[PDB]
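Undergrad: Starting off with a structure, shown below.
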Amino acid sequence: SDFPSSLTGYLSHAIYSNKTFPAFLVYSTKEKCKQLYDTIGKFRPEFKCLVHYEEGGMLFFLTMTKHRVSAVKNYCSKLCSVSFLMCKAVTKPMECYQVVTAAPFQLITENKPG
Amino acid sequence: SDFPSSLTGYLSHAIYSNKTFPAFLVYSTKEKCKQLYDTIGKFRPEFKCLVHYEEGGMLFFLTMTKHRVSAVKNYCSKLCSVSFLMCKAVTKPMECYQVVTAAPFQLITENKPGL
Amino acid sequence: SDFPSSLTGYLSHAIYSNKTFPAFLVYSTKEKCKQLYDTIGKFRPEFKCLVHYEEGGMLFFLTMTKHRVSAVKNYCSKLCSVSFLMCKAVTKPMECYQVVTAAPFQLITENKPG
DNA sequence: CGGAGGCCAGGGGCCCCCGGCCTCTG
DNA sequence: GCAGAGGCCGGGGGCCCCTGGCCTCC
C-alpha cells in the first residue's frame, strides 16, 4: 500500500533532500517491526513504539542524534529482503504519536509511556 | 606519542580510505626529519618546511601530483625505518601551517615562505 | 652508441620477453656506472664488476634471485640522470665476463675475483 | 635454445558512495 | 515559520592500470 492519508500532515515527503531528522516512522510487516524493534538499538532511540495497522505493522521512534532519512531506510532493508518496506521522517512527532495510538492503530508495545 | 590535540582538525584521520591528497605532515625525530627534508625529491614538493616540537620535529610539505596517504608513508619509512614514523594527510593545509609555525613549534627552514 | 658486436652472442636481445634473468650488463658512462655500482644492493649481487671501455664504462653483475630485464633498466634510470644507458640481460655469463675482463676493456673493481 | 606473451599479487593512482553537516529558497 | 532542494566534507572502498615476479608453449 502506501502511508495512510491520516498522518500526511505530520510526515516528511521529501525525495531529494540531504537533511537530517530526529524522529522517524517505519511501515512494514508486523513481524519485521518486532525484528526491528530490538535491532534498532544503534541509532540509540530515546523512544520506541511498535503498533499494528491492518495486517501490517508500523514502528515509531525518536533518536537522540539526527539522521538522514535515507540512512534509516537502508538499515532496515537488510534483514528484510524478503518482504516489503517503506519509511518516512516525522516533521511533527507529537501529532503523529496519537494518530498511531488511536484506532485503527493498536499499541502493541512501547518503552516510555508518552 | 600521537599528533598534538590542536592539529586534529586540519588533518585526515582516515585509515581504511583510498583517497588521495596534495598535502602531508610527518611526525618524527630531529635526525629523521632533516634526513627527509633533503630526501623527498621523488615527490616533487611545491613547498616544504621543517619545524621542531619537543625532542622531535615535523615535516610539512605540499605535493605537485596528488598521492594517497599510505604511499607517502611507505616511501618515507624506507629511509631510516626506524623510530616513531607516523604521518597523516592534511585536509586543511594553510590553517595547519599556521599552528605548526607558532607556539610551541619552532620553524627552522623552508622555501617560498607562507604565501 | 650500441653494445659492441663482440657481445651479441652472449646477451639476450629480447624486447617483448617477460622472462627473468640472474645476470645483467649495463652500458653507460664512466661515472654513472661507478655511481650505480655502489647502489645496486636491492638486487643482492653475489658478484658485481666495474669496467671501462670507451668514453664510458659498463657494469656486469649476477644476482642471487632472477630479475626481469626491464625492472633493472626501469630502476637505474631513476637514480641516474642520465646521459645514455643501455641494459641487456646476460645469457652466457661465463664467456661474457671473459671478454669484458680483457682488452679492449679495463677492469676497475670487483668483489670476487674471476 | 631464446623469445612472446599470459598469469597474478601488490602498489597506487583514479573515482563514487554514504551520511552527517550546512546554507539558501518557495 | 515552514517544508524541500542541494550545496560541502570526511571515512570507506571499488576500479584498474602499472610493475615485476612467476610460468608454458612456438
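Numbering starts fresh at 1 for the residues of each chain in the C-alpha cells, the chains themselves are lettered A, B, ... in the order given, and ligands are numbered from 1 as they appear.
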Dump as a PyMOL selection string the residues of chain B that approach chain D to within 12 Å, counting only C-alpha atoms (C1' of nucleotides).
TA: chain B and resi 18-21+65-72+74-75
Undergrad: Once you have the residues from the selection above, write them out as a PDB file, in the first residue's frame, restricted to N, CA, C and O atoms.
TA:
```pdb
ATOM      1  N   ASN B  18      40.999   5.020   0.619  1.00  0.00           N
ATOM      2  CA  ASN B  18      41.918   5.069  -0.508  1.00  0.00           C
ATOM      3  C   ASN B  18      41.891   6.422  -1.208  1.00  0.00           C
ATOM      4  O   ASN B  18      42.177   6.518  -2.401  1.00  0.00           O
ATOM      5  N   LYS B  19      41.554   7.467  -0.458  1.00  0.00           N
ATOM      6  CA  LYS B  19      41.531   8.818  -1.001  1.00  0.00           C
ATOM      7  C   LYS B  19      42.941   9.293  -1.334  1.00  0.00           C
ATOM      8  O   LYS B  19      43.923   8.679  -0.929  1.00  0.00           O
ATOM      9  N   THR B  20      43.029  10.394  -2.075  1.00  0.00           N
ATOM     10  CA  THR B  20      44.315  10.977  -2.458  1.00  0.00           C
ATOM     11  C   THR B  20      44.427  12.428  -2.011  1.00  0.00           C
ATOM     12  O   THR B  20      43.441  13.165  -2.017  1.00  0.00           O
ATOM     13  N   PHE B  21      45.637  12.834  -1.637  1.00  0.00           N
ATOM     14  CA  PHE B  21      45.858  14.144  -1.029  1.00  0.00           C
ATOM     15  C   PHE B  21      47.069  14.882  -1.588  1.00  0.00           C
ATOM     16  O   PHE B  21      48.046  14.256  -1.997  1.00  0.00           O
ATOM     17  N   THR B  65      51.834  16.367  -7.867  1.00  0.00           N
ATOM     18  CA  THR B  65      50.828  15.339  -8.078  1.00  0.00           C
ATOM     19  C   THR B  65      50.239  14.911  -6.742  1.00  0.00           C
ATOM     20  O   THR B  65      50.941  14.868  -5.734  1.00  0.00           O
ATOM     21  N   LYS B  66      48.947  14.608  -6.734  1.00  0.00           N
ATOM     22  CA  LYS B  66      48.296  14.126  -5.522  1.00  0.00           C
ATOM     23  C   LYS B  66      48.746  12.707  -5.207  1.00  0.00           C
ATOM     24  O   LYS B  66      49.191  11.980  -6.096  1.00  0.00           O
ATOM     25  N   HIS B  67      48.637  12.319  -3.941  1.00  0.00           N
ATOM     26  CA  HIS B  67      49.033  10.979  -3.512  1.00  0.00           C
ATOM     27  C   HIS B  67      48.078  10.441  -2.453  1.00  0.00           C
ATOM     28  O   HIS B  67      47.493  11.212  -1.697  1.00  0.00           O
ATOM     29  N   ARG B  68      47.926   9.120  -2.395  1.00  0.00           N
ATOM     30  CA  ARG B  68      47.149   8.504  -1.324  1.00  0.00           C
ATOM     31  C   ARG B  68      48.013   8.456  -0.067  1.00  0.00           C
ATOM     32  O   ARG B  68      49.243   8.445  -0.151  1.00  0.00           O
ATOM     33  N   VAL B  69      47.365   8.433   1.092  1.00  0.00           N
ATOM     34  CA  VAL B  69      48.047   8.650   2.364  1.00  0.00           C
ATOM     35  C   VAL B  69      49.094   7.591   2.691  1.00  0.00           C
ATOM     36  O   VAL B  69      50.111   7.892   3.313  1.00  0.00           O
ATOM     37  N   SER B  70      48.842   6.355   2.272  1.00  0.00           N
ATOM     38  CA  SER B  70      49.735   5.246   2.600  1.00  0.00           C
ATOM     39  C   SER B  70      51.023   5.297   1.786  1.00  0.00           C
ATOM     40  O   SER B  70      52.105   5.067   2.324  1.00  0.00           O
ATOM     41  N   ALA B  71      50.906   5.606   0.496  1.00  0.00           N
ATOM     42  CA  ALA B  71      52.054   5.565  -0.410  1.00  0.00           C
ATOM     43  C   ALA B  71      53.154   6.537   0.001  1.00  0.00           C
ATOM     44  O   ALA B  71      54.333   6.295  -0.254  1.00  0.00           O
ATOM     45  N   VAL B  72      52.763   7.638   0.634  1.00  0.00           N
ATOM     46  CA  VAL B  72      53.725   8.594   1.169  1.00  0.00           C
ATOM     47  C   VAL B  72      54.433   8.000   2.383  1.00  0.00           C
ATOM     48  O   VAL B  72      55.653   8.098   2.521  1.00  0.00           O
ATOM     49  N   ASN B  74      54.723   4.845   3.096  1.00  0.00           N
ATOM     50  CA  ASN B  74      55.519   3.698   2.665  1.00  0.00           C
ATOM     51  C   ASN B  74      56.870   4.097   2.088  1.00  0.00           C
ATOM     52  O   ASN B  74      57.850   3.365   2.218  1.00  0.00           O
ATOM     53  N   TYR B  75      56.913   5.262   1.450  1.00  0.00           N
ATOM     54  CA  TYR B  75      58.155   5.793   0.900  1.00  0.00           C
ATOM     55  C   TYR B  75      59.077   6.245   2.022  1.00  0.00           C
ATOM     56  O   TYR B  75      60.208   5.768   2.139  1.00  0.00           O
TER      57      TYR B  75
END
```
Undergrad: Can you tell me, as a VMD selection string, which residues in chain C count as strand (DSSP E or B) by DSSP?
TA: chain C and resid 11 to 12 20 to 27 45 to 54 56 to 68 86 to 90 106 to 110
Undergrad: Produce a file of the selected residues containing N, CA and C atoms, as a tab-separated table (two decimals), in the first residue's frame.
TA:
```tsv
chain	number	residue	atom	x	y	z
C	11	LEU	N	74.46	-12.01	-24.91
C	11	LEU	CA	73.39	-11.23	-24.30
C	11	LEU	C	72.04	-11.54	-24.91
C	12	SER	N	70.98	-11.38	-24.12
C	12	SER	CA	69.62	-11.56	-24.61
C	12	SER	C	69.13	-10.27	-25.25
C	20	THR	N	62.78	-13.91	-16.79
C	20	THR	CA	63.67	-13.37	-15.76
C	20	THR	C	65.10	-13.87	-15.93
C	21	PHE	N	66.05	-13.12	-15.37
C	21	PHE	CA	67.47	-13.43	-15.53
C	21	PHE	C	68.27	-13.18	-14.26
C	22	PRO	N	69.30	-13.99	-14.03
C	22	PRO	CA	70.19	-13.82	-12.87
C	22	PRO	C	71.46	-13.05	-13.22
C	23	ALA	N	71.58	-12.56	-14.44
C	23	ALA	CA	72.78	-11.83	-14.86
C	23	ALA	C	72.45	-10.62	-15.73
C	24	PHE	N	73.19	-9.53	-15.54
C	24	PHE	CA	72.91	-8.30	-16.28
C	24	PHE	C	74.17	-7.51	-16.65
C	25	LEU	N	74.04	-6.71	-17.71
C	25	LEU	CA	75.13	-5.86	-18.18
C	25	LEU	C	74.58	-4.48	-18.51
C	26	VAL	N	75.13	-3.45	-17.87
C	26	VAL	CA	74.68	-2.08	-18.09
C	26	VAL	C	75.74	-1.24	-18.80
C	27	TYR	N	75.34	-0.51	-19.84
C	27	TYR	CA	76.28	0.21	-20.69
C	27	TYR	C	76.04	1.72	-20.64
C	45	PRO	N	73.57	-8.54	-5.32
C	45	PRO	CA	74.57	-9.10	-6.23
C	45	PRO	C	75.57	-10.00	-5.50
C	46	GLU	N	75.66	-11.26	-5.91
C	46	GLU	CA	76.66	-12.17	-5.34
C	46	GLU	C	78.00	-11.92	-6.02
C	47	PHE	N	77.96	-11.15	-7.10
C	47	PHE	CA	79.16	-10.73	-7.82
C	47	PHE	C	78.85	-9.57	-8.75
C	48	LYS	N	79.62	-8.49	-8.62
C	48	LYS	CA	79.47	-7.33	-9.49
C	48	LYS	C	80.84	-6.86	-9.97
C	49	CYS	N	80.88	-6.24	-11.15
C	49	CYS	CA	82.16	-5.85	-11.74
C	49	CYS	C	82.08	-4.54	-12.53
C	50	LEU	N	82.99	-3.62	-12.21
C	50	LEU	CA	83.04	-2.33	-12.89
C	50	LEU	C	84.17	-2.29	-13.91
C	51	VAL	N	83.83	-1.95	-15.15
C	51	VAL	CA	84.81	-1.95	-16.24
C	51	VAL	C	84.68	-0.73	-17.14
C	52	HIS	N	85.82	-0.27	-17.66
C	52	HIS	CA	85.84	0.83	-18.62
C	52	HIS	C	86.01	0.27	-20.03
C	53	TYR	N	85.78	1.11	-21.04
C	53	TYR	CA	85.69	0.61	-22.40
C	53	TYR	C	85.88	1.69	-23.49
C	54	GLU	N	85.13	2.78	-23.39
C	54	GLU	CA	85.19	3.87	-24.38
C	54	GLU	C	84.32	5.04	-23.94
C	56	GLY	N	82.78	5.87	-21.76
C	56	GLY	CA	82.05	5.43	-20.59
C	56	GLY	C	82.43	4.00	-20.23
C	57	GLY	N	81.85	3.48	-19.16
C	57	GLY	CA	82.13	2.13	-18.73
C	57	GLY	C	80.90	1.24	-18.71
C	58	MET	N	81.09	0.00	-18.27
C	58	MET	CA	79.99	-0.95	-18.17
C	58	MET	C	79.94	-1.60	-16.79
C	59	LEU	N	78.75	-2.03	-16.39
C	59	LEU	CA	78.58	-2.74	-15.12
C	59	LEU	C	78.07	-4.15	-15.35
C	60	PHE	N	78.84	-5.13	-14.88
C	60	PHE	CA	78.47	-6.54	-15.02
C	60	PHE	C	78.23	-7.15	-13.65
C	61	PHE	N	77.07	-7.76	-13.45
C	61	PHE	CA	76.77	-8.40	-12.17
C	61	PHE	C	75.80	-9.57	-12.27
C	62	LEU	N	75.87	-10.45	-11.28
C	62	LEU	CA	74.94	-11.57	-11.16
C	62	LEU	C	74.17	-11.46	-9.85
C	63	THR	N	72.89	-11.80	-9.89
C	63	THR	CA	72.02	-11.67	-8.72
C	63	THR	C	71.71	-13.01	-8.06
C	64	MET	N	71.41	-12.98	-6.76
C	64	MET	CA	71.04	-14.19	-6.03
C	64	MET	C	69.65	-14.69	-6.46
C	65	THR	N	68.83	-13.77	-6.96
C	65	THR	CA	67.49	-14.10	-7.45
C	65	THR	C	67.28	-13.57	-8.87
C	66	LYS	N	66.48	-14.29	-9.66
C	66	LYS	CA	66.21	-13.88	-11.03
C	66	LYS	C	65.46	-12.56	-11.06
C	67	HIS	N	65.68	-11.78	-12.12
C	67	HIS	CA	65.01	-10.50	-12.28
C	67	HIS	C	64.66	-10.24	-13.74
C	68	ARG	N	63.58	-9.49	-13.96
C	68	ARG	CA	63.19	-9.13	-15.31
C	68	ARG	C	64.19	-8.11	-15.83
C	86	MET	N	72.23	1.75	-21.61
C	86	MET	CA	71.73	0.54	-22.24
C	86	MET	C	71.89	-0.64	-21.29
C	87	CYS	N	70.93	-1.55	-21.30
C	87	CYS	CA	70.95	-2.68	-20.39
C	87	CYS	C	70.30	-3.93	-20.97
C	88	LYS	N	71.12	-4.94	-21.27
C	88	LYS	CA	70.62	-6.23	-21.72
C	88	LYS	C	70.95	-7.29	-20.68
C	89	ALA	N	70.12	-8.32	-20.60
C	89	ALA	CA	70.38	-9.45	-19.72
C	89	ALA	C	71.50	-10.29	-20.32
C	90	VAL	N	72.21	-11.02	-19.46
C	90	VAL	CA	73.33	-11.84	-19.90
C	90	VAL	C	72.96	-13.32	-19.92
C	106	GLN	N	89.02	-2.23	-19.70
C	106	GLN	CA	89.78	-2.04	-18.48
C	106	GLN	C	88.92	-2.46	-17.30
C	107	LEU	N	89.44	-3.37	-16.48
C	107	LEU	CA	88.74	-3.80	-15.28
C	107	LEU	C	89.12	-2.89	-14.12
C	108	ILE	N	88.12	-2.30	-13.47
C	108	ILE	CA	88.39	-1.33	-12.41
C	108	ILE	C	88.22	-1.93	-11.01
C	109	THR	N	87.02	-2.40	-10.68
C	109	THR	CA	86.80	-3.08	-9.40
C	109	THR	C	85.93	-4.33	-9.55
C	110	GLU	N	85.95	-5.15	-8.50
C	110	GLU	CA	85.10	-6.33	-8.38
C	110	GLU	C	85.28	-6.91	-6.99
```
Undergrad: So that I can see what lies close to residue 15 in chain B, please list as a ChimeraX atom specification the residues with an atom at most 12 Å from it, counting only C-alpha atoms (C1' of nucleotides) and leaving out residues fewer than 5 positions away in the same chain.
TA: /B:68-70,73,87-89 /E:10-13
Undergrad: Please provide the set of residues having any atom within 10 Å of residue 9 in chain C, restricted to only C-alpha atoms (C1' of nucleotides), with same-chain residues fewer than 6 positions apart removed, written as JSON, numbers by chain.
TA: {"C": [90, 91, 92, 95, 96]}
Undergrad: Any idea what's packed within 7 Å of range 23-35 of chain B, counting only C-alpha atoms (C1' of nucleotides), ignoring anything in its chain fewer than 3 positions away? Could you give it as a PyMOL selection string?
TA: chain B and resi 38-39+55-63+80+84-90+93
Undergrad: In Å, with one decimal, what is the gap from CA of residue 34 in chain C to CA of residue 14 in chain C?
TA: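 Distance reported for this atom pair: 26.0 Å.
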Undergrad: What are the closest atom pairs, with distances in Å to one decimal, for all residues of chain A lying within 8 Å of chain E? Consider only C-alpha atoms (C1' of nucleotides), order rows by chain and residue number, and present the result as JSON lines.
TA:
```
{"residue": "A:14", "atom": "CA", "partner": "E:4", "partner_atom": "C1'", "distance": 6.0}
{"residue": "A:16", "atom": "CA", "partner": "E:5", "partner_atom": "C1'", "distance": 6.2}
{"residue": "A:17", "atom": "CA", "partner": "E:5", "partner_atom": "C1'", "distance": 5.7}
{"residue": "A:18", "atom": "CA", "partner": "E:6", "partner_atom": "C1'", "distance": 6.9}
```
Undergrad: Could you save the residues just selected, with N, CA, C and O atoms, as a tab-separated table (two decimals), in the first residue's frame?
TA:
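For reference, part_36.tsv as written:
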```tsv
chain	number	residue	atom	x	y	z
A	14	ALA	N	9.75	14.58	1.43
A	14	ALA	CA	10.89	15.00	0.62
A	14	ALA	C	11.50	13.78	-0.06
A	14	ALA	O	11.52	12.69	0.51
A	16	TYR	N	14.37	14.44	-2.43
A	16	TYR	CA	15.67	14.88	-2.92
A	16	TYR	C	16.38	15.77	-1.92
A	16	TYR	O	17.02	16.76	-2.30
A	17	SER	N	16.26	15.44	-0.64
A	17	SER	CA	16.84	16.27	0.41
A	17	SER	C	17.91	15.56	1.24
A	17	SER	O	17.73	14.43	1.69
A	18	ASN	N	19.03	16.25	1.42
A	18	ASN	CA	20.11	15.76	2.27
A	18	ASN	C	20.02	16.38	3.65
A	18	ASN	O	21.00	16.91	4.17
```
Undergrad: Do you have the CA of residue 47 in chain B-CA of residue 111 in chain B distance handy?
TA: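 Rounded to one decimal, the two atoms are 6.2 Å apart.
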Undergrad: Give me, as a VMD selection string, the residues of chain B touching chain E, with the criterion being at most 7 Å (counting only C-alpha atoms (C1' of nucleotides)).
TA: chain B and resid 14 16 to 17
Undergrad: Between CA of residue 102 in chain B and CA of residue 115 in chain B, measure the distance and give it in Å to one decimal.
TA: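 Pair CA of residue 102 in chain B / CA of residue 115 in chain B returns 16.1 Å.
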Undergrad: Can you list every residue in range 21-115 of chain B that DSSP puts in helix (DSSP H, G or I), as a ChimeraX atom specification?
TA: /B:30-37,40-43,69-76,93-99
Undergrad: What would the file look like if the residues just selected were written as a tab-separated table (two decimals), in the first residue's frame with N, CA and C atoms?
TA:
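Generated output (result.tsv):
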```tsv
chain	number	residue	atom	x	y	z
B	30	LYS	N	64.33	14.58	15.27
B	30	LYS	CA	65.04	15.66	14.59
B	30	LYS	C	65.87	15.11	13.44
B	31	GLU	N	66.61	14.04	13.72
B	31	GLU	CA	67.51	13.45	12.74
B	31	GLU	C	66.79	13.00	11.48
B	32	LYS	N	65.72	12.23	11.66
B	32	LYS	CA	64.98	11.68	10.54
B	32	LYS	C	64.26	12.76	9.74
B	33	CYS	N	63.80	13.80	10.43
B	33	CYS	CA	63.09	14.90	9.77
B	33	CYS	C	64.01	15.69	8.84
B	34	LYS	N	65.21	15.99	9.32
B	34	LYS	CA	66.21	16.65	8.49
B	34	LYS	C	66.66	15.70	7.38
B	35	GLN	N	66.72	14.41	7.69
B	35	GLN	CA	67.06	13.39	6.72
B	35	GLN	C	66.02	13.34	5.60
B	36	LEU	N	64.76	13.57	5.95
B	36	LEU	CA	63.68	13.55	4.98
B	36	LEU	C	63.61	14.83	4.14
B	37	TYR	N	63.86	15.97	4.79
B	37	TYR	CA	63.72	17.28	4.15
B	37	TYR	C	64.60	17.42	2.91
B	40	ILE	N	62.88	13.98	0.04
B	40	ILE	CA	61.55	13.95	-0.58
B	40	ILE	C	61.47	14.24	-2.09
B	41	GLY	N	62.60	14.56	-2.71
B	41	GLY	CA	62.66	14.95	-4.11
B	41	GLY	C	61.84	14.12	-5.09
B	42	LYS	N	61.61	12.86	-4.76
B	42	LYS	CA	60.86	11.96	-5.64
B	42	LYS	C	59.35	12.15	-5.51
B	43	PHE	N	58.95	13.19	-4.78
B	43	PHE	CA	57.55	13.58	-4.69
B	43	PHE	C	57.35	14.91	-5.40
B	69	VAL	N	47.36	8.43	1.09
B	69	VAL	CA	48.05	8.65	2.36
B	69	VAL	C	49.09	7.59	2.69
B	70	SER	N	48.84	6.35	2.27
B	70	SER	CA	49.73	5.25	2.60
B	70	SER	C	51.02	5.30	1.79
B	71	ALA	N	50.91	5.61	0.50
B	71	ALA	CA	52.05	5.56	-0.41
B	71	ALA	C	53.15	6.54	0.00
B	72	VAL	N	52.76	7.64	0.63
B	72	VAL	CA	53.72	8.59	1.17
B	72	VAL	C	54.43	8.00	2.38
B	73	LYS	N	53.64	7.39	3.26
B	73	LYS	CA	54.14	6.76	4.48
B	73	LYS	C	55.08	5.60	4.13
B	74	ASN	N	54.72	4.84	3.10
B	74	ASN	CA	55.52	3.70	2.66
B	74	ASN	C	56.87	4.10	2.09
B	75	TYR	N	56.91	5.26	1.45
B	75	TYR	CA	58.16	5.79	0.90
B	75	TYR	C	59.08	6.25	2.02
B	76	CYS	N	58.59	7.17	2.84
B	76	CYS	CA	59.39	7.79	3.89
B	76	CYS	C	59.89	6.77	4.91
B	93	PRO	N	45.51	22.57	4.78
B	93	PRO	CA	46.92	22.98	4.68
B	93	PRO	C	47.27	24.31	5.35
B	94	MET	N	46.74	25.41	4.83
B	94	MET	CA	47.10	26.75	5.31
B	94	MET	C	46.88	26.91	6.81
B	95	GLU	N	45.69	26.52	7.28
B	95	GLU	CA	45.36	26.61	8.69
B	95	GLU	C	46.29	25.74	9.53
B	96	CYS	N	46.61	24.55	9.00
B	96	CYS	CA	47.54	23.63	9.65
B	96	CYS	C	48.94	24.24	9.70
B	97	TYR	N	49.31	24.95	8.64
B	97	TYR	CA	50.61	25.59	8.56
B	97	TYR	C	50.77	26.67	9.63
B	98	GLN	N	49.66	27.31	9.99
B	98	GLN	CA	49.70	28.44	10.90
B	98	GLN	C	49.83	28.03	12.35
B	99	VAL	N	49.52	26.77	12.66
B	99	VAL	CA	49.70	26.26	14.01
B	99	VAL	C	51.10	25.67	14.20
```
Undergrad: Looking at A:15, A:79, A:40, A:69, which one is nearest to chain D, with distances taken over only C-alpha atoms (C1' of nucleotides)?
TA: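 Nearest candidate to chain D out of A:15, A:79, A:40, A:69: A:69.
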